[PDB]
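Novice:
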Amino acid sequence: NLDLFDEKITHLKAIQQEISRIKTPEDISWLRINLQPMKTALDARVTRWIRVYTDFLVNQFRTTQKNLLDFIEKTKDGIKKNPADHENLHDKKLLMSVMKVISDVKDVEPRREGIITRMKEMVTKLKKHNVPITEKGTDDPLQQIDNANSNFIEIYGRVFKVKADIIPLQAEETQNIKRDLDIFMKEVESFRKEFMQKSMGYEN
């Protein structure tokens, strides 16, 4: 879970600071031992392990956003009335927005935590000023989408009500054809069961 990761990052960075102190100076035991070339190579392994966790969403933030941007691009198209076909394609974006709007808001909470918990147990800033700007840069579009979508839903409804009339009319036609096909198939499946060979081979 996304709170467990948070806790692991904070523990891993307590582990860094502990490991750094821990190497300790050149300790003498009859012969002199130098741990200076090792201490460095631990810190190298340590940083890589910490990086993965800190870089976990670094990649995903770009790929999420990249996916989040199209949803915006979809909205930027717009237009009211005009061709019926454009709606059919545009309508699906509303159906995906609703399910997203709900499930994304749930997934929005721990993603925000995911940024903050790194900042706490990462002294170094990731992408410098870019990462704080992106959070602000997402929030605005997210709000802009939620306004544009509510405008679309209102228009969507008026016309999809005209479609929801043509859907049933077409649906009744198809359902009637489907039921007829359901019956014919149940006749054909019964025919092969009724027919007993009895000796007879191959033809069965």
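According to the entry's author numbering, the sequence shown holds residues 1046 to 1243, 1251 to 1256 in order.
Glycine is no exception: its CB is placed at the ideal position from the N, C-alpha and C atoms.
(1) With 16 other CB atoms within 10 Å as the buried threshold, where does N1194 fall?
(2) What is the residue span of the alpha helix (DSSP H) that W1094 lies within?
(3) For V1168, which residues from the same chain have a beta carbon less than 8 Å from its beta carbon, with the 5 sequence-adjacent residues on both sides left out?
(4) Do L1057 and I1095 count as a contact pair if the criterion is CB distance below 7 Å?
(5) Rounded C-beta distance between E1158 and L1047? I'm assuming under 8 Å.
(6) Does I1124 come out as helix, strand or coil in the three-state DSSP assignment?
(7) Could you give the DSSP three-state label for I1073: helix, strand or coil?
(8) At which residues does the alpha helix (DSSP H) containing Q1062 begin and terminate?
(9) If you draw a straight line from the alpha carbon of residue 1249 to that of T1099, how long is it in whole angstroms?
(10) Can you tell me which of the three DSSP states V1207 falls into?
(11) Which of the three DSSP states, helix, strand or coil, is assigned to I1078?
(12) So is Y1254 buried or exposed if we call it buried at 16+ other beta carbons inside 10 Å?
(13) Indicate whether the contact test is met: 3 or more Cβ pairs, each with one atom in the region 1128–1143 and one in the region 1173–1189, closer than 8 Å.
(14) Going by C-alpha to C-alpha distance, which of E1052, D1130 and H1174 sits closest to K1208?
(15) So what does DSSP say about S1251, is it helix, strand or coil?
(16) For the candidate residues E1166, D1122 and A1086, whose alpha-carbon lies nearest to that of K1053?
Specialist: Looking at the atomic coordinates:
(1) With 16 or more other Cβ atoms within 10 Å, it is buried.
(2) Per DSSP, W1094 belongs to the alpha helix (DSSP H) from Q1081 to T1099.
(3) A distance below 8 Å between beta-carbons, with the five flanking residues on each side excluded, links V1168 to no residue of its chain.
(4) In this structure, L1057 lies closer than 7 Å to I1095 by Cβ.
(5) Right, the Cβ-Cβ distance comes to about 6 Å (below 8 Å), so this counts as a contact.
(6) It is coil, neither helix nor strand.
(7) Look at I1073 here: in three-state DSSP terms it is strand.
(8) From DSSP, the alpha helix (DSSP H) with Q1062 extends over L1047 to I1067.
(9) In the model as presented, the chain runs from 1243 straight to 1251, which leaves residue 1249 without coordinates.
(10) If DSSP states are grouped into helix, strand and coil, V1207 belongs with the helices.
(11) Looking at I1078 - three-state DSSP - the assignment turns out to be coil, as it is neither helix nor strand.
(12) The residue in question, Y1254, is exposed, as its Cβ has fewer than 16 Cβ neighbours within 10 Å.
(13) Too few Cβ pairs lie closer than 8 Å, so no.
(14) Of the listed residues, the one whose Cα sits closest to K1208 is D1130.
(15) It is coil, neither helix nor strand.
(16) Out of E1166, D1122 and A1086, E1166 has the C-alpha closest to the C-alpha of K1053.
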